[PDB]
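>
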Amino acid sequence: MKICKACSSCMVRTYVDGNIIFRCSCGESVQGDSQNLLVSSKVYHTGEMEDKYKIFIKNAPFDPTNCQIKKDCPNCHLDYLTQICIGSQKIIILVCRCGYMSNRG
Amino acid sequence: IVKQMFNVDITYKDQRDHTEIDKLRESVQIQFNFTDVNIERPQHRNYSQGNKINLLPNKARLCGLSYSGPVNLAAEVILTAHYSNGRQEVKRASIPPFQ
Amino acid sequence: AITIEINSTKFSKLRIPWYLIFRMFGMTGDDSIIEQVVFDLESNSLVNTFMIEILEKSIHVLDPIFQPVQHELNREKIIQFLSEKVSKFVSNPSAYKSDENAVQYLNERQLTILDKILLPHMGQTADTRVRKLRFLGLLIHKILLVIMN
Amino acid sequence: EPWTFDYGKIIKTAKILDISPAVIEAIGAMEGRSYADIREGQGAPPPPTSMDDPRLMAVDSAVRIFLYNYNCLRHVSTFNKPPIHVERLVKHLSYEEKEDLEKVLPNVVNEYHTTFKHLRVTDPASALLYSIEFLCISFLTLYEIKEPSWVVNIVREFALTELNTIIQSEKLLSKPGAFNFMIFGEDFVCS
Ligand SMILES: [Zn+2]
Ligand SMILES: [Zn+2]
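Protein chains in written order, with the working numbering: chain A, 885 to 989; chain B, 4 to 102; chain C, 936 to 1084; chain D, 3 to 193.
1. On a CA-only basis, which of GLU188(D), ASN182(D), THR116(D) and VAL106(D) is nearest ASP1034(C)? Give me that one, please.
2. Could you tell me if the beta carbon of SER30(B) falls within a distance shorter than 7 Å of some heavy atom in ligand 1?
3. Along the chain, which unbroken stretches of the alpha helix (DSSP H) at least 4 residues long are found entirely within the region 41-69 of chain B?
4. Whole angstroms is fine: what's the gap from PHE9(B)'s alpha carbon to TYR1040(C)'s?
5. Going by the C-beta, is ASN959(A) closer than 7 Å to any heavy atom of ligand 2?
6. Can the beta-carbon of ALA127(D) be found less than 8 Å from the beta-carbon of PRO49(D)?
7. Just checking: is the beta-carbon of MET184(D) within a distance shorter than 8 Å of some beta-carbon in chain B?
8. Does the Cβ of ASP965(C) have 16 or more other Cβ atoms within 10 Å, making it buried, or fewer, making it exposed?
9. Just the C-alpha distance for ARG66(D) and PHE136(D), rounded to the nearest angstrom, thanks.
10. Throw me the rounded Cβ distance for the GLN971(C) and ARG1064(C) pair, which I believe falls under 8 Å.
11. Take every Cβ of the region 924-941 of chain A, pair it with every Cβ of the region 885-897 of chain A, and state whether three or more of those distances are shorter than 8 Å.
12. By DSSP, does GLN170(D) sit in helix, in strand, or in coil?
13. Quick check: the region 158-177 of chain D against the region 962-979 of chain A, are there 3 or more CB pairs under 8 Å?
14. Using 8 Å as the threshold, is the C-beta distance between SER140(D) and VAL110(D) below it?
15. Quick check on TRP953(C): buried or exposed, where buried means 16 or more other Cβ atoms within 10 Å of its Cβ?
16. Just to check, is the beta-carbon of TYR984(A) closer than 7 Å to a non-hydrogen atom of ligand 2?
17. Closer than 6 Å by C-beta to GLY43(D): which residues in its own chain qualify, once you throw out the five before and the five after it? Chain order, please.
18. For residue 2(D), which three-state DSSP category applies?
19. Given a threshold of 16 other Cβ atoms within 10 Å of its Cβ, counted over all protein chains shown, does residue 1015(A) qualify as buried or as exposed?
20. How many whole angstroms separate the CB atoms of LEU142(D) and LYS14(D), which I take to be in contact at a CB cut-off of 8 Å?
21. Looking at the C-beta of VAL1021(C), does it have a partner C-beta in chain A at a distance below 8 Å?
22. Name, going along the chain, the residues of the region 1025-1057 of chain C whose beta-carbon falls closer than 8 Å to a beta-carbon of chain D.
23. Please state the DSSP three-state secondary structure of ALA936(C).
24. If we ignore side chains and look at the alpha-carbon of each, how far apart do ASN1027(C) and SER171(D) end up?
25. Is the separation between the beta-carbon of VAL973(C) and that of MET986(C) shorter than 8 Å?
26. Which two residues bound the contiguous beta strand (DSSP E) that contains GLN91(B)?
27. Rounded to whole angstroms, how far is the Cβ of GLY34(D) from the Cβ of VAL61(D), which I believe are closer than 8 Å?
28. Less than 7 Å separating the Cβ of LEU978(A) from some heavy atom of ligand 2?
29. For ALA890(A), is the beta carbon positioned less than 7 Å from some heavy atom of ligand 1?
30. Is it buried or exposed, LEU59(B), if we count other Cβ atoms within 10 angstroms and call 16 or more buried?
31. Using 10 angstroms around the beta-carbon of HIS21(B), count the other beta-carbons present and answer buried if the total reaches 16, otherwise exposed.
32. Using 8 Å as the limit for Cβ to Cβ distance, is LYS16(B) near chain D?
33. Tell me, please, which residues DSSP counts as bridged to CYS969(A).
34. Mind checking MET59(D): buried by the 16 CB within 10 Å criterion, or exposed?
35. With hydrogens ignored, establish whether the beta-carbon of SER893(A) is closer than 7 Å to any heavy atom of ligand 1.
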């Protein structure tokens, strides 16, 4: 995302000819070096189990409706933990109100 | 609904030109609002000239009547006359609560 | 494109580009609009990247109907264009323009309409227009989050 | 470098634009008032108290318009075909002279966009004053251009044309006076 320093407008990319030169509707150009060459990308089985459920995992020990199991918490030694199942991979996560997160999630 | 939501500000632009002021004027702003409304219990005219005696539900069901309560409204009407050269003549009237 | 259509008394089946509605209320800078939608242009993330790129794509899409005011950064011109398009009883598109007071009447009526029609639960006063823009950006953010599955 | 509202710039703009200084200050606040009230300074709304005040966005749109079209005048040679407002200006100059506008014309945006965002959050009251001051500061920075001789006439006309376009459009959001409603070709007119 390139924004015009004067117009604060989105600039087209305009790959001409051997380089990348951004152009605004105001006629300004800023060009681009090295790190602007990424045209498009796609990563498979990524963006899942980190960004989709971060808030849900954080709030899970405080959710009354989450299922809980009898398992000792390593940190605060509470006799019960909150059991969490996410994804078509069925990843089981145990979280506690003390912040213990089972290093998974 | 009647008071807050039913406000009218409509302007008409005539073509009537039968008087000098009529030619000078091609506009009129009709503006009015209601501040009174109340539904009272159903009434029936016993002999078409009575004092609207009470209408009981079985009378409505038997006689095919509608068990409906009358709606009493009162409105404030503001009429503004718009002329050329910026003149503006306003006529205001207050209507008694009518049904 | 991401088109926003408002259906109420004064509006019907009229589809507006989102950035146009945003910059109708000032804030004509694209940076501000993208910040209103994605809530932050400075935290990279994987979600903000996708939303930012697709909002760019929506911004640069040429719609056939709102072409004259698509690239316009002038708030008054866009307000006039929408008032002309959406308000009835105005058959002459050129006769009224030569009168300044007719222009002012149309602009004021359109601004009052948009105050009363765009997210009325957010407020029905002109001082609540920026928080309406915040709420609309939040709605667009929620839709684009749902797109990500 | 610290910043403080320089009210002197606003008055200087008012004289050059032959409009009252209250008309300069009331940018973004013309709604709900007649134009006669704007110049009289009557019913001026209190300074903004929150970052969500639409006046802050309204004034910033005015500053953006000045910068947006100035860059069009800065980069007339870069356009495939220059816009109409600047076509009137540089119609009489050559292509080589058009390419000279980019270097000669100073860069006036400075750091308005970065400064405005911090002020809009930290001090909403001063965000309005800074934006208006910046709009006037750039105007006299344009208007007080002295050389080269050809660029004096081009810039001077543009600067006067721009703010008057900004003010007129800003004036067009004020209350409308008496006019013939028949100009819209139908039987009725609503509000
Ligand atoms: Zn630009
Ligand atoms: Zn624990």
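Idealized CB from N, CA, C, for every residue including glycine.
Inspection of the coordinates gives the following:
1. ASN182(D)
2. Not under cutoff, so the answer is no.
3. 60-65
4. 22 Å
5. yes
6. yes
7. yes
8. buried
9. 11 Å
10. At roughly 12 Å, the Cβ-Cβ gap does not stay under 8 Å, so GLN971(C) and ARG1064(C) are not in contact.
11. no
12. helix
13. no
14. yes
15. buried
16. Flag set: Cβ of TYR984(A) near ligand 2.
17. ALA24
18. Coverage of chain D is limited to positions 3 through 193, which leaves residue 2(D) absent and any answer about it impossible.
19. Outside the modelled stretch of chain A, which goes from 885 to 989, sits residue 1015(A), for which no answer is possible.
20. 6 Å
21. With 8 Å as the cut-off, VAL1021(C) does not count as an interface residue toward chain A.
22. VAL1025, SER1026, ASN1027, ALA1030, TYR1031, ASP1034, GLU1035, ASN1036, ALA1037, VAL1038, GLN1039, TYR1040, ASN1042, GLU1043, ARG1044, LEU1046 and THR1047
23. coil
24. 21 Å
25. yes
26. 91-97
27. The pair is not a contact, with the Cβ atoms about 16 Å apart (cut-off 8 Å).
28. no
29. yes
30. exposed
31. When all chains shown are included, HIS21(B) counts as exposed.
32. Yes, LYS16(B) counts as interfacial toward chain D.
33. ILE976(A)
34. buried
35. yes
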